[PDB]
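Data first, discussion second: the structure below is written as structure tokens.
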Amino acid sequence: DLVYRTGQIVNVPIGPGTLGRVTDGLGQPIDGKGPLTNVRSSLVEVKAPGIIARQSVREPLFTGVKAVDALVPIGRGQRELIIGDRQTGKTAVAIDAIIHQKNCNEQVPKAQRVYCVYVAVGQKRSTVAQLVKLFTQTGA
Amino acid sequence: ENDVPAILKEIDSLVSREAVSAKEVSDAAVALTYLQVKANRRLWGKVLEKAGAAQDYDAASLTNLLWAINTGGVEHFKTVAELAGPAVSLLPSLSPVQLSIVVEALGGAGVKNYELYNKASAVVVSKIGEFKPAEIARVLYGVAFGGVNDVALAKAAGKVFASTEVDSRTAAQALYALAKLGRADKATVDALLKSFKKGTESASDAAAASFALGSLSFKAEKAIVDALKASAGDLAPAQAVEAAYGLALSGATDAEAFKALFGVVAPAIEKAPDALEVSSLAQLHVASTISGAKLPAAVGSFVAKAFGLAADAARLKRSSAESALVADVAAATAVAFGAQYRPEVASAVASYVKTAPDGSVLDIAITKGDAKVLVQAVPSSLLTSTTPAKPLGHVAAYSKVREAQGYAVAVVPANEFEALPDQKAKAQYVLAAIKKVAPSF
Amino acid sequence: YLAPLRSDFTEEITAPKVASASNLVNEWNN
Amino acid sequence: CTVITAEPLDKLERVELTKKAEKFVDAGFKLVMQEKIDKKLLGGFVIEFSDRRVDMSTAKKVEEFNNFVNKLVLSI
Amino acid sequence: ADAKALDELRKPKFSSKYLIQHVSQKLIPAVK
Amino acid sequence: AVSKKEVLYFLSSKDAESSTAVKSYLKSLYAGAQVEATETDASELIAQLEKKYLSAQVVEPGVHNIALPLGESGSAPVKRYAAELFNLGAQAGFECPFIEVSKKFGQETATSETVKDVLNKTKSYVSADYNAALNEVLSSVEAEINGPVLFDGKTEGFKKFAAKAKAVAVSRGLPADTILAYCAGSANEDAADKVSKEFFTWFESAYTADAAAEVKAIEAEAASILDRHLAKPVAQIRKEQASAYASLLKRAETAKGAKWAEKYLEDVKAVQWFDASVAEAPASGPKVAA
Amino acid sequence: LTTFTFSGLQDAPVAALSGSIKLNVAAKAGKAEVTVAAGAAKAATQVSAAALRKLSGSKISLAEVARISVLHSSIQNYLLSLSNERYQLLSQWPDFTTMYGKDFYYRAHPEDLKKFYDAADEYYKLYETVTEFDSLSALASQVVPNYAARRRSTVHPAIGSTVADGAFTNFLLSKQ
Ligand SMILES: Nc1ncnc2c1ncn2[C@@H]1O[C@H](COP(=O)(O)OP(=O)(O)OP(=O)(O)O)[C@@H](O)[C@H]1O
Ligand SMILES: [Mg+2]
């Protein structure tokens, strides 16, 4: 079989048109809501920003979970591992963080609004229809 | 005792009520045509609203309404084309004169109702001995301008127009209908034109016969052009444009009639140039260049630019089988000048598309030194409907107006061109047609 | 009374998808 | 290489095809071009160099034309 | 003021006609 | 203004703001101006594209000037509606829809030598329950021969396909014999008249049936959206339409400089003028100068 | 219309057929004695056969002055004609105000009286929302864009399925 090269490294559509859309692992939509409008292509593997590009992590990111917000607090710009065994509530903490970002996004100005991305790696396909049902039910 | 705005106010109060029937709105339309109420358009709008709103129609009131719409110079396509339902439903109920007025007024407005024209054509060609020739000319005008190319009623009309003696306006309406149909049968037209001997009462008949003999290209008659010489005040500027165009197309050398018609149309243009379409302005440029009768200093340049506009717009909205024919005639012209391979043919046909001096686009423009030769194609919309199938008068006009710019026009008909089996025969035909008008190419 | 302005073409030729009858008249009769 | 065209070539169409095919070789390599016909191409040529393809056919140009005007009207 | 015209009142108002022009004056200069 | 190719399309059209620009253009040309030379360039992809986007500017205001015959008795309002649409297609630069969609078939399938691909490339332009009916007889003939049926015309498998395709065509209700007798013709013109007077009867019945189907679909959409609207309270209806009016005003004047936005706001000011002139004297309608 | 027409003082209306306006002409050789009389007022002039053919020179060209469009006015006219059909069945609603008295209050079950008062409130909701006639002009703007997009076809404004199937039978049952 003939293999043609496309000349381009793997890229995905980024932009504000990706909001509200269920995409697959390559940026193509799977929600059946037509093609992605108002987007632009960008590479999936960009080099991470260096030392002078950083800033000290000072402003909080509220998850809405009071154990996390009280004891194990998160700042904006932080990597926080949700580690545990199966069926202990890792996805529940993540979805509560996303829903609380929707709830906080209504009472803040345009600048300090948090836009969430949920990546579902290797999950069941009926599980991620429950999540888009819950996100369209809550408004998130 | 006598006040026309008094009965106008009574009429506009009559058609302002809500329970208006078909009969009083027919009578109000008739009373508006009998009193020349062109200047007040809202009363015509009220009577046409209440005419289109009526439900049940008899024969006489529908015939009076359609006669009133036809005679009064009013058109509205929605309410007139919606009257064809009462026309179809009452068609066994109509008399021949009523059927003639109905089909004439519905064809003259351009109503696309092929069921009405077929069901009227069948009852005309079945029972034609009871039809007066003016009534047959009315049904022929209706089927002709309705968009139907019905040759059965055309032949059955030509039989009557050769067997009977007809009036002036009957023969003029039949000539206008045949010119719209584009048939140009000799034995029908010369039988129709034996009636223009008493002098015409109205110049609309002479102008319609002028445009008909111009578009059918028989020749000028020396009796119609006398009526246009004397009665050139009974015409609109848009009417006298069609008159002068059909005169200049039909070989009329009588330049005083062109003087009398251009002295009508040019004050209307220099008063307000927006009154006519650019098709009429193109026809006026044709009639100015062919006859040679001078227009004023602002009108001639205006119609010369407007002919380029109209020809280029007829090029943009080309029939798209004429596009294939123009590409084929350009390819055969490239082969005729010598091109055995395909990039030579493509480079020639991309080079043949030079610009006319007024701003138009000519598809085949050949230049050798200082002489120019144009090759024009006439596919099917510019040929007559009959089995001779000669080109119509409008492309004789196009040739005569491009020849004034310096282009020796070699016309290529499509009954001749693509009936040939191969491309070298088409190149032979194109070169033999170029050498007929220009042996230097 | 405003309509959103659209600039799009229909490439296909489709039957115009007649919608089914709403149940309002028998509900109001109920 | 092999060349796919829509029509059987003329000998001026052929020598002009080699004028454009030589610019897809980055040397003075005079090619051993053969010919082939498939009229699903809308005119033009497809040069299959046995490791790279150059699709200068019009049938791909009218598809890249349609894919170009279908993405501007979604943004404009 | 009042009583504008007839050829100005014959215009259908909320037809598009200008998103068609906003595309075609930004497509044909961009596709040529 | 106009780029001189829009003004060439607007000559045959009879809508208002095209005729206004045509009259202003020739009023400019009368008072000592020069008509620009037309571009003898822009090869056929660009030519077909700007032909499409210029015929759209003649279709789009002409569609809004054609009254729908919703809820009318008889066929002549539907014949009026289809006649207005046909004359609009003529003024826009299109030919007859028979000619135009046959040109579309011949354009899209210029290379399809197989009947399977000429059915699977005109699938968007024919009805799906007729594409299925032709795929039925296609599979029946290619199961009869166990060989593909080619789009040649003189392969005998193609004729054994067409012998049943004409049967399903006359089973659909359309006379294929009169259609073929019009589009091929005969020698004597009195027989051409006899086949044209049946082809045009079928053609009129077909386009008025399709226009009546579009009218019935618009009637069903209006009835459905009214019965969805008549189930609401009045305050919900008023706030819904007020929010929609506010959103469609915001979407207009947030993007300024674009000609469609200023035309939109001129049109809403013209609607307000219409309401004012009707509220001045409601028995005389709007004030029209004459 | 066309450029020239061929009607006037020949096979013309000679009389009127209504009583609200009566008409009589004189079918002479050349001219006409027109006598129009609509009710109280009466007018009379003379027109010739060469003067009725001068009438159709400059055309009237009637056109419609609509608030938004003729398309939008047609869709709003259909919405008004359907709202009349709904109003006609809200017109045969039984009169509940003849059962508001306290001799009907205290004879009745409490839940049935609550149902009766909720039914009266339901009729008031339906009757207030069927006579909101200022919402039809914004309802008809929702039928306009999808319909106008359906008329912006790449083939033709007036293309249908039956015409396309007939032309596809013409395309298929010919060679190539
Ligand atoms: N805070 C909570 N209160 C009550 N129930 C909870 C809570 N958090 C999680 N659960 C329940 O625990 C179950 C597992 O939750 P969740 O899916 O978030 O864990 P998980 O580790 O992502 O599971 P898995 O590894 O199977 O994906 C869910 O059914 C949920 O209903
Ligand atoms: Mg999980």
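Each chain in the structure tokens gets a letter, A, B, ..., in the order shown, and its residues are numbered from 1; ligands are numbered from 1 in order too.
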
Let me see if you get this right: every residue at most 12 Å from ligand 2, counting only C-alpha atoms and all ligand atoms, written as a PDB file with N, CA, C and O atoms, in the first residue's frame.
```pdb
ATOM      1  N   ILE A  82      -3.694  13.474  41.372  1.00  0.00           N
ATOM      2  CA  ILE A  82      -4.794  12.799  42.061  1.00  0.00           C
ATOM      3  C   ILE A  82      -4.492  11.309  41.964  1.00  0.00           C
ATOM      4  O   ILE A  82      -4.776  10.659  40.965  1.00  0.00           O
ATOM      5  N   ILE A  83      -3.920  10.762  43.021  1.00  0.00           N
ATOM      6  CA  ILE A  83      -3.456   9.386  43.019  1.00  0.00           C
ATOM      7  C   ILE A  83      -4.314   8.583  43.987  1.00  0.00           C
ATOM      8  O   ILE A  83      -4.797   9.097  45.000  1.00  0.00           O
ATOM      9  N   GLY A  84      -4.564   7.332  43.634  1.00  0.00           N
ATOM     10  CA  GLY A  84      -5.314   6.452  44.502  1.00  0.00           C
ATOM     11  C   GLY A  84      -5.649   5.173  43.775  1.00  0.00           C
ATOM     12  O   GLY A  84      -5.340   5.002  42.595  1.00  0.00           O
ATOM     13  N   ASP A  85      -6.297   4.273  44.501  1.00  0.00           N
ATOM     14  CA  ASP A  85      -6.727   3.021  43.905  1.00  0.00           C
ATOM     15  C   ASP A  85      -7.979   3.250  43.067  1.00  0.00           C
ATOM     16  O   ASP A  85      -8.474   4.370  42.929  1.00  0.00           O
ATOM     17  N   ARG A  86      -8.498   2.172  42.491  1.00  0.00           N
ATOM     18  CA  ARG A  86      -9.710   2.268  41.698  1.00  0.00           C
ATOM     19  C   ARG A  86     -10.910   2.574  42.589  1.00  0.00           C
ATOM     20  O   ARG A  86     -10.947   2.200  43.766  1.00  0.00           O
ATOM     21  N   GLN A  87     -11.852   3.337  42.024  1.00  0.00           N
ATOM     22  CA  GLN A  87     -13.186   3.558  42.587  1.00  0.00           C
ATOM     23  C   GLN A  87     -13.137   4.250  43.948  1.00  0.00           C
ATOM     24  O   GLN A  87     -13.955   3.986  44.829  1.00  0.00           O
ATOM     25  N   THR A  88     -12.166   5.146  44.119  1.00  0.00           N
ATOM     26  CA  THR A  88     -12.011   5.895  45.356  1.00  0.00           C
ATOM     27  C   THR A  88     -12.412   7.356  45.221  1.00  0.00           C
ATOM     28  O   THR A  88     -12.491   8.055  46.235  1.00  0.00           O
ATOM     29  N   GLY A  89     -12.670   7.836  44.010  1.00  0.00           N
ATOM     30  CA  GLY A  89     -13.180   9.180  43.845  1.00  0.00           C
ATOM     31  C   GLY A  89     -12.213  10.167  43.227  1.00  0.00           C
ATOM     32  O   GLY A  89     -12.250  11.354  43.552  1.00  0.00           O
ATOM     33  N   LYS A  90     -11.339   9.694  42.341  1.00  0.00           N
ATOM     34  CA  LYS A  90     -10.422  10.596  41.653  1.00  0.00           C
ATOM     35  C   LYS A  90     -11.153  11.413  40.598  1.00  0.00           C
ATOM     36  O   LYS A  90     -10.999  12.644  40.525  1.00  0.00           O
ATOM     37  N   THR A  91     -11.964  10.738  39.780  1.00  0.00           N
ATOM     38  CA  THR A  91     -12.798  11.423  38.804  1.00  0.00           C
ATOM     39  C   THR A  91     -13.814  12.325  39.483  1.00  0.00           C
ATOM     40  O   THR A  91     -14.138  13.384  38.953  1.00  0.00           O
ATOM     41  N   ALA A  92     -14.292  11.952  40.673  1.00  0.00           N
ATOM     42  CA  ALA A  92     -15.245  12.799  41.382  1.00  0.00           C
ATOM     43  C   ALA A  92     -14.609  14.113  41.826  1.00  0.00           C
ATOM     44  O   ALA A  92     -15.234  15.172  41.713  1.00  0.00           O
ATOM     45  N   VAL A  93     -13.353  14.070  42.278  1.00  0.00           N
ATOM     46  CA  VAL A  93     -12.629  15.288  42.634  1.00  0.00           C
ATOM     47  C   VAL A  93     -12.359  16.139  41.398  1.00  0.00           C
ATOM     48  O   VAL A  93     -12.517  17.371  41.436  1.00  0.00           O
ATOM     49  N   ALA A  94     -12.020  15.503  40.270  1.00  0.00           N
ATOM     50  CA  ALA A  94     -11.760  16.252  39.041  1.00  0.00           C
ATOM     51  C   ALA A  94     -13.022  16.930  38.507  1.00  0.00           C
ATOM     52  O   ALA A  94     -12.997  18.112  38.125  1.00  0.00           O
ATOM     53  N   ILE A  95     -14.144  16.207  38.498  1.00  0.00           N
ATOM     54  CA  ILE A  95     -15.387  16.768  37.980  1.00  0.00           C
ATOM     55  C   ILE A  95     -15.940  17.819  38.937  1.00  0.00           C
ATOM     56  O   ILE A  95     -16.522  18.817  38.494  1.00  0.00           O
ATOM     57  N   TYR A 118     -10.916  18.387  29.941  1.00  0.00           N
ATOM     58  CA  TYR A 118     -10.924  17.038  30.487  1.00  0.00           C
ATOM     59  C   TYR A 118     -10.446  16.093  29.397  1.00  0.00           C
ATOM     60  O   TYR A 118     -11.072  15.998  28.339  1.00  0.00           O
ATOM     61  N   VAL A 119      -9.346  15.396  29.650  1.00  0.00           N
ATOM     62  CA  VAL A 119      -8.826  14.398  28.727  1.00  0.00           C
ATOM     63  C   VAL A 119      -9.160  13.027  29.284  1.00  0.00           C
ATOM     64  O   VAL A 119      -8.787  12.698  30.415  1.00  0.00           O
ATOM     65  N   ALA A 120      -9.866  12.231  28.497  1.00  0.00           N
ATOM     66  CA  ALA A 120     -10.296  10.896  28.889  1.00  0.00           C
ATOM     67  C   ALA A 120      -9.455   9.888  28.121  1.00  0.00           C
ATOM     68  O   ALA A 120      -9.736   9.591  26.959  1.00  0.00           O
ATOM     69  N   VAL A 121      -8.427   9.359  28.774  1.00  0.00           N
ATOM     70  CA  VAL A 121      -7.483   8.445  28.147  1.00  0.00           C
ATOM     71  C   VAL A 121      -7.887   7.021  28.492  1.00  0.00           C
ATOM     72  O   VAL A 121      -7.828   6.618  29.658  1.00  0.00           O
ATOM     73  N   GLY A 122      -8.300   6.262  27.483  1.00  0.00           N
ATOM     74  CA  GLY A 122      -8.565   4.851  27.667  1.00  0.00           C
ATOM     75  C   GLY A 122      -9.822   4.521  28.431  1.00  0.00           C
ATOM     76  O   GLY A 122      -9.983   3.382  28.869  1.00  0.00           O
ATOM     77  N   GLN A 123     -10.721   5.482  28.606  1.00  0.00           N
ATOM     78  CA  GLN A 123     -11.960   5.237  29.319  1.00  0.00           C
ATOM     79  C   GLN A 123     -12.967   4.530  28.422  1.00  0.00           C
ATOM     80  O   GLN A 123     -12.802   4.433  27.206  1.00  0.00           O
ATOM     81  N   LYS A 124     -14.023   4.025  29.043  1.00  0.00           N
ATOM     82  CA  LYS A 124     -15.133   3.460  28.297  1.00  0.00           C
ATOM     83  C   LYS A 124     -15.924   4.576  27.623  1.00  0.00           C
ATOM     84  O   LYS A 124     -16.063   5.678  28.158  1.00  0.00           O
ATOM     85  N   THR A 127     -18.928   5.823  29.430  1.00  0.00           N
ATOM     86  CA  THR A 127     -18.626   6.630  30.606  1.00  0.00           C
ATOM     87  C   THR A 127     -18.536   8.101  30.240  1.00  0.00           C
ATOM     88  O   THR A 127     -19.011   8.967  30.980  1.00  0.00           O
ATOM     89  N   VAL A 128     -17.938   8.400  29.087  1.00  0.00           N
ATOM     90  CA  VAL A 128     -17.748   9.789  28.684  1.00  0.00           C
ATOM     91  C   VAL A 128     -18.963  10.371  27.988  1.00  0.00           C
ATOM     92  O   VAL A 128     -18.926  11.533  27.576  1.00  0.00           O
ATOM     93  N   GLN A 130     -21.871   9.864  29.843  1.00  0.00           N
ATOM     94  CA  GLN A 130     -22.395  10.295  31.131  1.00  0.00           C
ATOM     95  C   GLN A 130     -21.772  11.608  31.573  1.00  0.00           C
ATOM     96  O   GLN A 130     -22.455  12.444  32.173  1.00  0.00           O
ATOM     97  N   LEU A 131     -20.495  11.822  31.261  1.00  0.00           N
ATOM     98  CA  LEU A 131     -19.838  13.057  31.661  1.00  0.00           C
ATOM     99  C   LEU A 131     -20.301  14.245  30.830  1.00  0.00           C
ATOM    100  O   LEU A 131     -20.449  15.346  31.366  1.00  0.00           O
TER     101      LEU A 131
END
```

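Neighbouring residues of residue 18 in chain E at 8 Å or closer, counting only C-alpha atoms and skipping chain neighbours under 2 positions away, are residues 16, 20, 21 and 22 of chain E; 259 and 260 of chain F.
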
How about saving the chosen residues, C-alpha atoms kept, as a CSV table (one decimal), in the first residue's frame?
```csv
chain,number,residue,atom,x,y,z
E,16,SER,CA,-28.9,38.9,2.9
E,20,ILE,CA,-22.8,37.5,0.0
E,21,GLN,CA,-20.9,40.6,-1.0
E,22,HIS,CA,-18.8,40.5,2.2
F,259,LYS,CA,-21.7,47.1,4.7
F,260,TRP,CA,-24.2,44.4,5.9
```

Could you state the separation of CA of residue 44 in chain D and CA of residue 44 in chain F in Å, given to one decimal place?
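Going from CA of residue 44 in chain D over to CA of residue 44 in chain F, I get 15.5 Å.
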
With a distance threshold of 8 Å and counting only C-alpha atoms, extract the residues of chain G near chain F and express them as JSON, numbers by chain.
{"G": [65, 67, 68, 69, 70, 71, 72, 73, 74, 75, 78, 79, 82, 83, 125, 126, 128, 129, 130, 132, 135, 138, 139, 140, 143, 147, 148, 151, 152, 154, 155, 156, 157, 158, 159, 160, 161, 162, 163, 164, 165, 166, 167, 168, 169, 170, 171, 172, 173, 174, 175, 176]}

Put those residues in a file: C-alpha atoms, as a PDB file, in the first residue's frame.
```
ATOM      1  CA  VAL G  65     -44.813  48.404   0.059  1.00  0.00           C
ATOM      2  CA  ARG G  67     -42.889  46.362   6.375  1.00  0.00           C
ATOM      3  CA  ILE G  68     -40.086  43.813   5.975  1.00  0.00           C
ATOM      4  CA  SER G  69     -40.658  41.788   2.806  1.00  0.00           C
ATOM      5  CA  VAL G  70     -43.382  40.250   0.701  1.00  0.00           C
ATOM      6  CA  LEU G  71     -42.019  36.856   1.773  1.00  0.00           C
ATOM      7  CA  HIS G  72     -42.187  37.859   5.431  1.00  0.00           C
ATOM      8  CA  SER G  73     -45.657  39.341   4.965  1.00  0.00           C
ATOM      9  CA  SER G  74     -46.841  36.075   3.404  1.00  0.00           C
ATOM     10  CA  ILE G  75     -45.467  33.996   6.283  1.00  0.00           C
ATOM     11  CA  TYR G  78     -50.290  32.548   7.248  1.00  0.00           C
ATOM     12  CA  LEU G  79     -49.429  32.822  10.948  1.00  0.00           C
ATOM     13  CA  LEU G  82     -53.671  30.024  11.699  1.00  0.00           C
ATOM     14  CA  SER G  83     -53.998  32.167  14.828  1.00  0.00           C
ATOM     15  CA  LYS G 125     -53.458  32.087  29.740  1.00  0.00           C
ATOM     16  CA  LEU G 126     -54.522  30.627  26.373  1.00  0.00           C
ATOM     17  CA  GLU G 128     -53.882  36.129  26.423  1.00  0.00           C
ATOM     18  CA  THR G 129     -51.342  34.187  24.362  1.00  0.00           C
ATOM     19  CA  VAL G 130     -53.480  33.639  21.249  1.00  0.00           C
ATOM     20  CA  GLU G 132     -50.493  38.417  21.201  1.00  0.00           C
ATOM     21  CA  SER G 135     -45.329  38.207  18.149  1.00  0.00           C
ATOM     22  CA  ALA G 138     -41.032  37.818  15.053  1.00  0.00           C
ATOM     23  CA  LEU G 139     -42.279  34.262  14.561  1.00  0.00           C
ATOM     24  CA  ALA G 140     -42.260  34.704  10.773  1.00  0.00           C
ATOM     25  CA  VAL G 143     -39.347  30.526   8.792  1.00  0.00           C
ATOM     26  CA  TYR G 147     -36.401  28.804   3.371  1.00  0.00           C
ATOM     27  CA  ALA G 148     -34.180  31.468   1.805  1.00  0.00           C
ATOM     28  CA  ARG G 151     -33.664  28.912  -2.439  1.00  0.00           C
ATOM     29  CA  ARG G 152     -29.927  29.693  -2.621  1.00  0.00           C
ATOM     30  CA  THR G 154     -26.302  25.897  -6.635  1.00  0.00           C
ATOM     31  CA  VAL G 155     -28.574  24.513  -9.359  1.00  0.00           C
ATOM     32  CA  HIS G 156     -31.614  26.782  -9.397  1.00  0.00           C
ATOM     33  CA  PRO G 157     -34.022  28.578  -7.048  1.00  0.00           C
ATOM     34  CA  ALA G 158     -36.952  26.541  -8.403  1.00  0.00           C
ATOM     35  CA  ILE G 159     -35.343  23.103  -8.520  1.00  0.00           C
ATOM     36  CA  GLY G 160     -37.297  20.226  -7.002  1.00  0.00           C
ATOM     37  CA  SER G 161     -36.982  16.502  -6.551  1.00  0.00           C
ATOM     38  CA  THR G 162     -39.430  15.524  -9.307  1.00  0.00           C
ATOM     39  CA  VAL G 163     -37.811  17.740 -11.958  1.00  0.00           C
ATOM     40  CA  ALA G 164     -34.372  16.440 -10.964  1.00  0.00           C
ATOM     41  CA  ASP G 165     -35.574  12.825 -11.133  1.00  0.00           C
ATOM     42  CA  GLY G 166     -37.088  13.412 -14.571  1.00  0.00           C
ATOM     43  CA  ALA G 167     -33.882  14.993 -15.818  1.00  0.00           C
ATOM     44  CA  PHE G 168     -31.910  12.129 -14.280  1.00  0.00           C
ATOM     45  CA  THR G 169     -34.053   9.699 -16.262  1.00  0.00           C
ATOM     46  CA  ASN G 170     -33.180  11.817 -19.294  1.00  0.00           C
ATOM     47  CA  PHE G 171     -29.496  11.680 -18.303  1.00  0.00           C
ATOM     48  CA  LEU G 172     -29.446   7.925 -17.683  1.00  0.00           C
ATOM     49  CA  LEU G 173     -31.655   6.542 -20.467  1.00  0.00           C
ATOM     50  CA  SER G 174     -29.559   8.315 -23.095  1.00  0.00           C
ATOM     51  CA  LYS G 175     -26.054   7.231 -24.033  1.00  0.00           C
ATOM     52  CA  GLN G 176     -23.232   8.473 -21.757  1.00  0.00           C
TER      53      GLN G 176
END
```

Please find the residues of chain C near chain D - the criterion being any atom within 12 Å, counting only C-alpha atoms - and write them as a PDB file with N, CA and C atoms, in the first residue's frame.
```pdb
ATOM      1  N   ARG C   6     -27.795  34.842   6.920  1.00  0.00           N
ATOM      2  CA  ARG C   6     -26.989  33.695   6.541  1.00  0.00           C
ATOM      3  C   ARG C   6     -26.473  33.878   5.122  1.00  0.00           C
ATOM      4  N   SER C   7     -25.258  33.391   4.882  1.00  0.00           N
ATOM      5  CA  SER C   7     -24.658  33.377   3.549  1.00  0.00           C
ATOM      6  C   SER C   7     -24.157  31.960   3.302  1.00  0.00           C
ATOM      7  N   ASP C   8     -25.058  31.091   2.852  1.00  0.00           N
ATOM      8  CA  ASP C   8     -24.713  29.701   2.609  1.00  0.00           C
ATOM      9  C   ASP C   8     -25.581  29.175   1.480  1.00  0.00           C
ATOM     10  N   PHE C   9     -25.070  28.164   0.792  1.00  0.00           N
ATOM     11  CA  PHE C   9     -25.743  27.557  -0.340  1.00  0.00           C
ATOM     12  C   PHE C   9     -26.118  26.123  -0.001  1.00  0.00           C
TER      13      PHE C   9
END
```

Per-residue nearest contacts range 38-73 of chain D to range 14-18 of chain D, cut-off 12 Å, using only C-alpha atoms, as a Markdown table:
```
| residue | atom | partner | partner_atom | distance |
| --- | --- | --- | --- | --- |
| D:44 | CA | D:17 | CA | 9.3 |
| D:45 | CA | D:17 | CA | 8.1 |
| D:46 | CA | D:17 | CA | 10.4 |
| D:47 | CA | D:17 | CA | 9.8 |
| D:56 | CA | D:17 | CA | 10.7 |
```

When the cut-off is 10 Å and we count only C-alpha atoms, which residues of chain A are near chain D, given as number ranges by chain?
A: 2, 4-5, 35-39

Would you write out those residues with N, CA, C and O atoms, as a PDB file, in the first residue's frame?
```pdb
ATOM      1  N   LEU A   2       0.380   2.288  -0.663  1.00  0.00           N
ATOM      2  CA  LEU A   2       1.133   3.523  -0.794  1.00  0.00           C
ATOM      3  C   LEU A   2       0.905   4.416   0.416  1.00  0.00           C
ATOM      4  O   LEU A   2      -0.235   4.666   0.815  1.00  0.00           O
ATOM      5  N   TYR A   4       1.603   8.148   1.808  1.00  0.00           N
ATOM      6  CA  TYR A   4       1.959   9.516   1.476  1.00  0.00           C
ATOM      7  C   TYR A   4       2.275  10.268   2.756  1.00  0.00           C
ATOM      8  O   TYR A   4       1.558  10.129   3.751  1.00  0.00           O
ATOM      9  N   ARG A   5       3.341  11.052   2.735  1.00  0.00           N
ATOM     10  CA  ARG A   5       3.614  11.925   3.860  1.00  0.00           C
ATOM     11  C   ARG A   5       2.881  13.245   3.682  1.00  0.00           C
ATOM     12  O   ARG A   5       2.699  13.736   2.566  1.00  0.00           O
ATOM     13  N   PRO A  35     -18.606  20.470  12.034  1.00  0.00           N
ATOM     14  CA  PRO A  35     -17.168  20.736  12.099  1.00  0.00           C
ATOM     15  C   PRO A  35     -16.846  21.842  13.090  1.00  0.00           C
ATOM     16  O   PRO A  35     -17.713  22.592  13.540  1.00  0.00           O
ATOM     17  N   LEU A  36     -15.563  21.927  13.426  1.00  0.00           N
ATOM     18  CA  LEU A  36     -15.087  22.893  14.407  1.00  0.00           C
ATOM     19  C   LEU A  36     -14.945  24.256  13.747  1.00  0.00           C
ATOM     20  O   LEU A  36     -14.066  24.458  12.904  1.00  0.00           O
ATOM     21  N   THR A  37     -15.807  25.189  14.125  1.00  0.00           N
ATOM     22  CA  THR A  37     -15.651  26.574  13.717  1.00  0.00           C
ATOM     23  C   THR A  37     -14.774  27.312  14.721  1.00  0.00           C
ATOM     24  O   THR A  37     -14.643  26.903  15.877  1.00  0.00           O
ATOM     25  N   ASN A  38     -14.151  28.392  14.238  1.00  0.00           N
ATOM     26  CA  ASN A  38     -13.440  29.390  15.046  1.00  0.00           C
ATOM     27  C   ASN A  38     -12.250  28.779  15.791  1.00  0.00           C
ATOM     28  O   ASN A  38     -12.086  28.943  17.000  1.00  0.00           O
ATOM     29  N   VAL A  39     -11.409  28.065  15.041  1.00  0.00           N
ATOM     30  CA  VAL A  39     -10.262  27.368  15.613  1.00  0.00           C
ATOM     31  C   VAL A  39      -9.056  27.597  14.715  1.00  0.00           C
ATOM     32  O   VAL A  39      -9.177  28.124  13.609  1.00  0.00           O
TER      33      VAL A  39
END
```

Residue contacts of residue 259 in chain B (10 Å, only C-alpha atoms) excluding same-chain residues fewer than 2 positions away, as a ChimeraX atom specification:
/B:229,232,244,254-257,261-264,288,291-295

Residue hits in chain C, query chain F, radius 7 Å, only C-alpha atoms, as a PyMOL selection string
chain C and resi 2+4+12-14+16-19+21-22+24

For the residues in that selection, give me C-alpha atoms as a PDB file, in the first residue's frame.
```pdb
ATOM      1  CA  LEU C   2     -35.058  40.338  13.021  1.00  0.00           C
ATOM      2  CA  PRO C   4     -30.035  36.151  11.513  1.00  0.00           C
ATOM      3  CA  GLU C  12     -28.155  19.085  -2.605  1.00  0.00           C
ATOM      4  CA  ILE C  13     -31.713  18.730  -3.883  1.00  0.00           C
ATOM      5  CA  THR C  14     -33.882  17.342  -1.095  1.00  0.00           C
ATOM      6  CA  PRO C  16     -38.210  19.904   1.986  1.00  0.00           C
ATOM      7  CA  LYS C  17     -38.830  17.815   5.159  1.00  0.00           C
ATOM      8  CA  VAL C  18     -42.448  18.494   6.071  1.00  0.00           C
ATOM      9  CA  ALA C  19     -42.802  18.546   9.848  1.00  0.00           C
ATOM     10  CA  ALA C  21     -48.593  17.921  12.872  1.00  0.00           C
ATOM     11  CA  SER C  22     -48.516  19.527  16.297  1.00  0.00           C
ATOM     12  CA  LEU C  24     -52.292  21.612  19.986  1.00  0.00           C
TER      13      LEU C  24
END
```
